[PDB]
Number of protein chains: 2
Amino acid sequence: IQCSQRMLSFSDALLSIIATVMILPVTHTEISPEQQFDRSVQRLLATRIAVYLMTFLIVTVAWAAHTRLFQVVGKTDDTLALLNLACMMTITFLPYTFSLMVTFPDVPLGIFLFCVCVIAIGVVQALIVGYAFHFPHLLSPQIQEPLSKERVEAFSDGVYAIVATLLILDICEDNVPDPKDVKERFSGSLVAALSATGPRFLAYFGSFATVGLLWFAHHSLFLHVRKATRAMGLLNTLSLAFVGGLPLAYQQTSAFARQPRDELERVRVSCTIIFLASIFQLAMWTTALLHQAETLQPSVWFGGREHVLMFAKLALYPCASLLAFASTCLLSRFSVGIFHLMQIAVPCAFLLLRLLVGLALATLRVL
Amino acid sequence: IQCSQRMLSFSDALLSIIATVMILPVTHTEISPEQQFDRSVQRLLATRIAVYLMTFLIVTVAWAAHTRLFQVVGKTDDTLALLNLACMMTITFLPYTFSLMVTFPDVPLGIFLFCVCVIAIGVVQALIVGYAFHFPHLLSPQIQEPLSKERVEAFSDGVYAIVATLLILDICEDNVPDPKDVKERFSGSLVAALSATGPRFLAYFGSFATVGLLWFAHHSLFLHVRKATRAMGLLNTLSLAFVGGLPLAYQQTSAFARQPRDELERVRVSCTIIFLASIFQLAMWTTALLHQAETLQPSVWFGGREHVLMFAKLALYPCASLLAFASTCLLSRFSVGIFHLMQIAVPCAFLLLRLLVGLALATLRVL
Ligand SMILES: Nc1ccnc(-c2ccccc2)c1
């Protein structure tokens, strides 16, 4: 008999790493062709984004299946650990096979490989469940559609950590100035190179800040949750999938815009991405409020002490993004500045969210 | 009052991601120049490896400092969460600053940036501890040099997951055949492209298998540990640092060798890397046996039921790597085949480790 907490955490980390692979090309796509070749570049970017979304959804489905399989198996063992490692190895091939299918649909080989991989995952799961059943003491006490809070929390943390640090990873990978390049192009001055590369640092700053605040809201929301239903899991997975686009949005926004209208469009895209990312969390919290009796703790129940605080925490980002999106069309002159100042305002509001909520209560109550 | 388990897990994931950044160039270095330019390529690879080791050690030190800081702080809050996010953001800049220092030592700016970043991390930690002290109820109950098992386990799992899936990440990133390339170069046949790219798949297979078995041994060892001392933490960090070289070793080994002696040298390098990775785990287990009374559970005590099983689990890899390294010089003709068959033999022994240990006991007892 062995505890499965560490094993399940490792499996969640592996699944989170695998799910977030196809984002890497998307962030590595050239910023601007500079030769007004927008057509092909946009088509390639759209295809990559669609492929990434599809693989993320498929890996999420596989992760949910694994979570259920190990939920019906209470305990673990060395043989079960080896079988879990094998299952993770088989699952890891899904993104590459899906990409091979998508880019080369005409050939009948990619679909064959995908079917083989799915059948292999099924076989590993069948072997795991059979081994567990052959030994009754390794099964769950009850047996021997709620989800598990720990698995969802670990997957969300892994996804958020991967998304937040992507830009810094790329910067460390490729944004190290070369000696002779600095000597010749920039008159042998490092400060010039740092100034040139600053926009990437600003984009990383913004992306990391936004992702960190979103993760903080996610953690605050999930702390006060007792039971996680399948609908909440689906909404959380959708929110995580839409979160992966934040680095791309910030890279596009921070990049120099040829014309002001291009900057307005980039800000609109970033605002839409943020709104989509946060509205799913809001919707999942409403789905939890639907039956707090079986979902939330008494503290965050209707009329609770922290009910309004949680409302504000989960509505700060959606509402602000909506106002920014509206201003992008209402004023159309300070929209870029509005987004820039909002990027610094939202963290301040989150830090002072308690005092701001108290002031809002004081002013609305006697208004 | 809020629980810090999720927050500490997220911090550990971020720190593990940051620590394992500089490995990415190392695995992305060109396999063979093909123009007998071994000098410059080898110098660049050695410099990259040294930089990676240094950054990993520095990030490990920072992670240990953070672990102590949050150990003296029992509970967390929204303000503490924001401060932790800020501290992680400041820490994330360490690898890039260290690289800037190393590549450009002559200029006095990289050292200034590194000092500024270290001072910033110190300032964030000071602010965190001051805020915690200002509110007594947020401090640890005892206050209001053992380590934490959970933090070490999470960091190890993150590092292992990152290392294992690096090769598949690269394959998905860059190893997707192009339509016209297949049409023209390979006579429009996808099977030819897959056969050409197979060596990378084999290298990923080997690396993932080895890393997974090493992680399984790590989990089995750490399950039976009550208290983790600083020496065990240092040994585990050294083992993790040396584990990061496995993908590079497997990439070099699977790559076509110009001459047989090159293949022998590559196998020697891979065997040495594996031996270094596993000997540190063995040494840390011996350091735990030093005072099992305060370190291990009674089950794995001297003369315990699982003592010999754990001995075999932790000595299978070191001993086998030592025999392979010896054979690389003794026979010098089947060394490559010896390594290839060992790669498949070791997982089988691990799977049947219980039965193999029983047979070994039966044969040694009455021998
Ligand atoms: N996608 C990742 C990358 C690195 N680490 C993790 C992780 C680590 C510990 C617990 C949960 C998740 C996830």
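The numbering of chain B matches Swiss-Prot: 30-173, 254-476, in order.
Structure method, as recorded: electron microscopy, 3.5 Å.
Cβ atoms are placed via backbone N, Cα and C, with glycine included.
Copied over from Swiss-Prot, here are the features:
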type	residues	note
REGION	B:65-71	region 'Short helix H2-1'
MOTIF	B:260-266	motif 'RxxxFSD motif 2'
SITE	B:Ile46	site 'Hydrophobic filter residue 1-1'
TRANSMEM	B:34-56	transmembrane segment
TRANSMEM	B:78-100	transmembrane segment
TRANSMEM	B:107-128	transmembrane segment
TRANSMEM	B:139-160	transmembrane segment
TRANSMEM	B:258-282	transmembrane segment
TRANSMEM	B:310-332	transmembrane segment
TRANSMEM	B:339-360	transmembrane segment
TRANSMEM	B:376-396	transmembrane segment
TRANSMEM	B:417-440	transmembrane segment
TRANSMEM	B:443-469	transmembrane segment
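Each end of the 80-residue unmodelled stretch has a Cα atom, at B:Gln173 and at B:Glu254, and these lie 18 Å apart. Counting residues per DSSP class in helix, strand and coil order gives 5 helix, 0 strand, 2 coil for the region 'Short helix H2-1' (B:65-71). Taking every listed stretch (B:78-100, B:107-128, B:443-469) in turn, the largest tally of C-beta pairs under 8 A with the transmembrane segment (B:310-332) is reached by B:443-469. Close to B:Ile46 (site 'Hydrophobic filter residue 1-1') in the fold, though at least 6 residues off in sequence, lie B:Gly267, B:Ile271, each with a CB less than 8 Å from its CB. Through the fold, the region 'Short helix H2-1' (B:65-71) approaches residues 58-59 of its own chain, all at least 6 residues removed from its boundaries and within a Cβ separation under 8 Å. The recorded stretches the transmembrane segment (B:78-100) and the transmembrane segment (B:139-160) share 3+ CB pairs below 8 A when only pairs 6 or more apart in sequence are counted, and are therefore in contact. Counting C-beta pairs under 8 angstroms (sequence separation of 6 or more), the transmembrane segment (B:34-56) fails to reach the transmembrane segment (B:139-160), with fewer than 3 such pairs. Counting residues per DSSP class in helix, strand and coil order gives 7 helix, 0 strand, 0 coil for the motif 'RxxxFSD motif 2' (B:260-266). Outside the transmembrane segment (B:258-282) by six or more residues, the chain places 34, 37-38, 41-42, 44-46, 48-49, 52-53, 56-57, 92, 96, 306, 309-310, 312-313, 316-317, 320-321, 323-324, 327-328, 331, 334, 336-337, 342, 345, 349, 352-353, 355-356, 359-360 with a CB less than 8 A from a CB of the stretch.
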